[PDB]
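> Here you go, one structure.
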Amino acid sequence: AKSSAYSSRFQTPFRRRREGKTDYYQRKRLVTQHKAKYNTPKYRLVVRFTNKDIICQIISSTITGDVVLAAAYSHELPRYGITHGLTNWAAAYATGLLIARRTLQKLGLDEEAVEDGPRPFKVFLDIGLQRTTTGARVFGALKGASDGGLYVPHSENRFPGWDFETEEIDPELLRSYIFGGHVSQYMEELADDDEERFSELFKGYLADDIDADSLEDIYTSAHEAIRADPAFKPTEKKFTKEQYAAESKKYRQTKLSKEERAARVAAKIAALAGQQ
Amino acid sequence: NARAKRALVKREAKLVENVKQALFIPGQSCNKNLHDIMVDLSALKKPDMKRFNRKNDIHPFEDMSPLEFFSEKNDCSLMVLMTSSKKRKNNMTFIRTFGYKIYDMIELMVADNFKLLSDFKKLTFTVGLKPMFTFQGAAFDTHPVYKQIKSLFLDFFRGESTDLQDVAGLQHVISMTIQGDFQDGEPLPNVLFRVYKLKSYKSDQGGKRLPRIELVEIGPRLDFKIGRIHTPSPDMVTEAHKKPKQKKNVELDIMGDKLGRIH
Amino acid sequence: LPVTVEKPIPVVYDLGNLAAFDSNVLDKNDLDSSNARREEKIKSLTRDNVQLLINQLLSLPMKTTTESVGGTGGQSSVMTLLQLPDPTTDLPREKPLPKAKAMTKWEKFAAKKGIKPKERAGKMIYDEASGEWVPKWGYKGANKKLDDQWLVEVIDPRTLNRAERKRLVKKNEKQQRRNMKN
Amino acid sequence: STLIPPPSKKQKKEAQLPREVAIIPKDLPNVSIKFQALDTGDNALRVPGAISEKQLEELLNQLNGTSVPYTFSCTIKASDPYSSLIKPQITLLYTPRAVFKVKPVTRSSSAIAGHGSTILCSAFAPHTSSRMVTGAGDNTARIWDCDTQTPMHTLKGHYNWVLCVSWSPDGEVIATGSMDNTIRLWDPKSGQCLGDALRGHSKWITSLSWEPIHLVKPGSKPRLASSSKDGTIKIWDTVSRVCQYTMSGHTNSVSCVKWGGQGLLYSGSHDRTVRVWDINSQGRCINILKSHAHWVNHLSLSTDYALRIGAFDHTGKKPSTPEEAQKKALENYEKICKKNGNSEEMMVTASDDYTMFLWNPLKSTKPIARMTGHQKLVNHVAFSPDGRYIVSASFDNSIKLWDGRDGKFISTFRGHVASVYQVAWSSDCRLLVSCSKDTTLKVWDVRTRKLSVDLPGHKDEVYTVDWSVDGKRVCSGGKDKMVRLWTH
Amino acid sequence: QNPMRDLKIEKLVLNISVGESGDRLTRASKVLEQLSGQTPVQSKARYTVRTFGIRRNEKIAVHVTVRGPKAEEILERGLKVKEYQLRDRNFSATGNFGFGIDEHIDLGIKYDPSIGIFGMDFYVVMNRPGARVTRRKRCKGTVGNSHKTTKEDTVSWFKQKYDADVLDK
RNA sequence: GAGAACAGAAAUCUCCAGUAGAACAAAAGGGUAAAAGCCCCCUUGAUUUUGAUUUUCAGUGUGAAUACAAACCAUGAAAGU
RNA sequence: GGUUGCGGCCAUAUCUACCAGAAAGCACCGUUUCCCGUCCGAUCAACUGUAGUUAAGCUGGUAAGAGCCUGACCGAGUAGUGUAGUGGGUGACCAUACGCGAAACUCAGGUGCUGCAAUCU
């Protein structure tokens, strides 16, 4: 029960805020950075997590709406040899390490800028709507391109193994989460005790005969493989675009014309007015 | 108790003044097409730009008083009104002020050969950079209309003042030309207004240093027709041109070193 | 692929506002509205304007710091940025110059008797009993010790101490106005 | 803070004028040019237009018919390499590039926790820069996975300060010299105490050097040189882990040791004296050197960076057969050995008589040059990785630069505030890192004689820095118990 | 058709409104402590009423919210005293509902003459799977109408198990 | 508005909602919404250092105030503020 | 064409009322050892992609719904006012003129388009 006078008075927010996706307030700082010092182009590292997927992009800032310099996906990882735990802590480091080696190759510093020249490269990090909790896997994406070489300036507080009462960080516990040892630990925590849930979980490892000690060897082997080839081979694109087009158009309900709805208007007053 | 005070400090007069604020206002006679010129003109004035949601019946060369009633509120020295009519079609009224008092105004009818940014072969752009400025014609410097127009968009688009600048920010340029030469007695021609984004080329005859610059249209392709003009009082002009004011036989060397010349 | 472009009129540079001023003859019918051959007449002049601009821009000195990690308000060492001159074209100033000066009637009295201004050192006095510092006003101020302590040593007296400050606080507020008038 | 004095009101008007496009207009005079290789050869007299050097490189590369790019230098008084032609026939001085670029180090990784004591020494593997061992004030050593910046095999087993370490230049074995008497050999992959500790010195270990790759037979591991504070020098086996001999030559503590190029050994000691030792005489002294008036610190050899890396390039590609490695280390040494077609490796001695002497010990017993100029004592002296420039580090907060040929003074890298502790080179012979007693590190272009970028970031003094062979990463060690990896 | 959208319990609200702060307030928390196991939470006084004799910011009520089957354990033993019988009103239009009793010792709890006798506020909220879309931070949305709950589904569900009764329609 | 025993016009608890009759330090044409509202977390402030206005009897390379700017400082993972 | 992220304009994008939605991608959904966080694994964290579900979200479609947008000579050069004549008028204010100059009202139509990147029968 809401009045029609209110139906004129309310102000629609932005669709991108009406969808629960973007804070412009946070984005507003990411537009008006300093900027009274210099004109330096701002680059934005956007990281997003859906379920069963990891998206990481370097995104520019464009009046047209944006331009994306590079993109990295969690489903690019079976190209490099990871089959399960695609959304874990470790794949975020694998995602973060990937996109840096990838974007350096198109940058081409290995493998207009006059008067020196080389110019190392910085991107600032988008947070998104994710809660800033320490040890969370979002900052695992920060860890990768850092080791990849992208200078995203930051601090180490949200890294896992950050002590509370003293400002100390554990590199040793950090090493386990990079190689996913806690998973392979909790594999072994569930293998000996309560096999029934362990029957449910880890089933692809049970399908592939993959044990706990192998898991640490999986990533580390796969790391330099990424460092060998980050070069973004995109898909073979089966069923080319018109084949995707018409099949969706077989499930695609259309509006009616005014010439139809006038017959639908005239269907009412003959039925709902002229005494049944 | 204290939050608002900083806003009042932002409204303070100041020796080194801030970047002047533009204000985009839809007038009463507004349509879709003039509305989208606003947005594609807004892109150069990102971030410092505000809009309304309302039609606003203001006749500027009739009365000026509600304009300050906006301007003193939103602390915007520069104001843009939207108006199209039978006589004065597509008139984008531009206002410079002085201490929330109207310094001057200008009517600017827009021609119909315009392009929006979607009309262009779509290129990139980086939001909120300083452009470069090119004025082709001596009549910008001589003729008092175009001196004022030169006085307008320099004080409209430049944004931040600096002593120091990265190469990487130099992406785009704004080009303004008067439509051919004319005479005092020939009608004031239209405004050839184009915008490019640059492109480097290692050209090998400038050697290690100098590139070859070959532009691409990005737009928006626009043509302005001049209407009438309000002008400031000369006493106001002197106030709007004043230094903040902030030694013989006395020199600093390198390393300080206040010296005294004898003669 | 050649770079250097001449013009009939020496184009004035204003590098402080990053500006370029061609003053040459603008041919009319080249700039005809219905002329299809227009954009090249626009662009070729413009890119020859721009090419000359950067040649002055690249004729400038530049900064090379040697700082590094956590460059708080500066450039990197790999950054090398253009030392600009001043904007010579005198644009209209937005707001008049704020000179709100008075003698405030104290400075007059400071002018006659040469009471120099004090050091403006700090808030903290030293207390005896206890041996702490406990600054003068702001928290546990030396002012409001009398109203909080527990005896009197000869109608309440402590609210009178509140009252006499409310004279002297408002005496600032009364002396605020008259110097705001004059 | 202190500030630069500002530009003047006069000077502000000066910059307002439009000025100075470097047109290089036609640019048509024509002056003749002479080429000269900087080792021995002068080659002819030609006259093109005023051009860029990329054409000049392709002018010289067809003259020999190379397909090897070169560096060009000229106007030599005052040493100023159309770029030269604005300064005033003309003699061009050319020299090879060893074409590779190492990017200057600006930022870091994180600071790395670990052992709770000071850091004494560190070294990269030559085959990859992801692995790097550190010597600690703790009883243990530490190997780091530099990619993850995480510990790989916290390495227990000594029971005193692990003073000096080294990597086996093929990439197999790690030596760990300790403050008690002990040397343990190590495997990087396993992190296990490879047999018993090498025992037999009676005082602490001073310096450890490996027998180089291109001398050891194919099918044999390289041996080790050991110098210790009791004056003894013992040449150990790795296989049987029993030393071959002591040598009782020097009197005081032996400062440093290097294996020679022509199968020789070199020993600076605290007897103000350097001895020349030969393995093929079963460890027998052959030449004694008497120049210094105070005792000798940190001798180095010309070709040592080649002798350190052991048949890896900057890419670090692993060779297959031991004979191929016998070729490759020989190849890489020969590229630096015979600059003048001559196997004349050079040696410079450094000591606390504020003096360095230039030596050709095989050819003569007379020193070539007496380097002089420091005020406090020199500490750390190393050649350039092409074996061409000699740098000198000292306690007078200054880093002086010398020629490698005649011992001529070049310049001084002023800018350090406290005593310079040690320096290290970039692989492409351009950059130069240095650690000093102050917190910062400073990286120096040898070509422009200038601070590239000062880098702070530690918390305290810095004892050890080292440069990665690929030119990628930089490890650091000091008192503040943290490891900091520095890179581009 | 409920392929997933069955009708489990969200949580039990245990609540005790004590008009004063003090030992009558703190024991009421200790009543909730020994019952719920968790630490309860204290509602402050919103404004000044003074007809109850109460002013603003007085830490008036204590309450605690329990979820899971642990709630359902506690939920039965009040219905034990309520004898598996609830009345008409006693139900939201949404289908959220509750009741209450005095004498908290009627279920489990020993008398404990040093803790006194309180009465409790019982309340149960209901949900179907999918309610996170109204509860999650990112992409916050609104539940469709067919997926929503009524009193009518709530009563038919509530008679069904717990052996319960309608008690005047 | 629909709900929950004691509990009533007013005690707390659930759901629907108020374009907000959120309180906005202000007063307002207007707008802030993952807030400038509410709550929680972390912390000084009257720091130093020199070119513009002053005042000096040890005229006192400033001795201090005052004006400006810079270094710093606080927090935030960061952008930043 | 569908979808997904980052977006631009920010109602033609909303609200209300129904219905439909292959594929894929989302989502709901599985879990509580670790990291993290709550009165509460509800939220947030982690984990899993296994056990399930397209039911909601979402995406279209439907409603002479509410609102909202454009075009038109829609009022309309109207109101109004500038200016112009020793006009008329006891006043208040009215014929001629030539300058600006509007809205409400009516008709015509509507009901998000778009940027980048990636992917699906």
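Letters A, B, ... mark the chains of the structure tokens in the order given; residue numbers begin at 1 per chain; ligand numbers begin at 1, in order shown.
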Residues within 12 Å of residue 83 of chain E, please, as a PyMOL selection string. Count only C-alpha atoms (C1' of nucleotides); anything in the same chain fewer than 3 positions from it doesn't count.

chain E and resi 75-80+86-87+101+106-107+162-165+167

> Create the file for the chosen residues now, containing C-alpha atoms and written as a short mmCIF file (atom, residue, chain, number, x, y, z; two decimals), in the first residue's frame.


data_model
loop_
_atom_site.label_atom_id
_atom_site.label_comp_id
_atom_site.auth_asym_id
_atom_site.auth_seq_id
_atom_site.Cartn_x
_atom_site.Cartn_y
_atom_site.Cartn_z
CA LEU E 75 11.89 -25.37 22.01
CA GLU E 76 10.31 -28.66 22.97
CA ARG E 77 10.66 -28.36 26.72
CA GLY E 78 8.74 -25.10 26.82
CA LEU E 79 6.09 -26.77 24.68
CA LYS E 80 6.27 -29.54 27.26
CA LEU E 86 -0.99 -23.14 21.05
CA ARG E 87 -3.85 -20.75 20.34
CA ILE E 101 5.48 -18.90 30.68
CA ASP E 106 9.44 -26.10 35.05
CA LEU E 107 11.83 -27.48 32.46
CA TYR E 162 5.42 -31.68 17.85
CA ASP E 163 1.86 -33.12 18.20
CA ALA E 164 0.29 -29.71 18.38
CA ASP E 165 -3.17 -28.22 18.47
CA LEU E 167 -6.80 -24.04 20.41
#

> Using only C-alpha atoms (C1' of nucleotides), which residues sit within 6 Å of segment 92-104 of chain C once same-chain residues fewer than 5 positions away are excluded, as a PyMOL selection string?

(chain B and resi 13+98-99+240-241) or (chain C and resi 179)

> Write the residues you've just listed into a file as an mmCIF file, in the first residue's frame, and include N, CA and C atoms for each of them.


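Below is the file that was written, result22.cif:
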data_model
loop_
_atom_site.group_PDB
_atom_site.id
_atom_site.type_symbol
_atom_site.label_atom_id
_atom_site.label_comp_id
_atom_site.auth_asym_id
_atom_site.auth_seq_id
_atom_site.Cartn_x
_atom_site.Cartn_y
_atom_site.Cartn_z
ATOM 1 N N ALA B 13 37.800 32.421 0.791
ATOM 2 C CA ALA B 13 38.754 32.943 -0.158
ATOM 3 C C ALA B 13 40.153 32.535 0.264
ATOM 4 N N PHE B 98 32.077 35.987 -9.955
ATOM 5 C CA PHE B 98 33.132 36.572 -9.134
ATOM 6 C C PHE B 98 32.579 36.750 -7.732
ATOM 7 N N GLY B 99 32.962 35.858 -6.828
ATOM 8 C CA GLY B 99 32.508 35.943 -5.453
ATOM 9 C C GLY B 99 31.014 35.780 -5.314
ATOM 10 N N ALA B 240 39.055 40.907 -10.491
ATOM 11 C CA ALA B 240 39.270 39.524 -10.887
ATOM 12 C C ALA B 240 40.653 39.323 -11.485
ATOM 13 N N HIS B 241 41.453 40.381 -11.560
ATOM 14 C CA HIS B 241 42.836 40.264 -12.008
ATOM 15 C C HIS B 241 43.716 40.991 -11.009
ATOM 16 N N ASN C 179 35.416 44.132 18.521
ATOM 17 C CA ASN C 179 36.416 44.071 17.480
ATOM 18 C C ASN C 179 35.869 43.476 16.197
#

> Could you check the closest approach to chain C for each of A:155, A:8, A:50, A:220 and tell me which residue wins, using only C-alpha atoms?

A:155

> Set the distance at 12 Å and use only C-alpha atoms (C1' of nucleotides): which residues neighbour segment 9-22 of chain A once local chain neighbours fewer than 4 positions away are removed? I'd like the list as a PyMOL selection string.

(chain A and resi 2-5+26-28+46+48+126-130) or (chain B and resi 53) or (chain E and resi 133-142) or (chain F and resi 18-20+31+33-34) or (chain G and resi 5-11+13-15+57-58+67-68+112)

> Would you mind telling me which residue in G:70, G:119, G:83, G:50 lies nearest to chain B when using only C-alpha atoms (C1' of nucleotides)?

G:70

> Considering only C-alpha atoms (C1' of nucleotides), state which residue in the set A:49, A:162, A:202, A:73 is at the smallest distance from residue 118 of chain G.

A:73
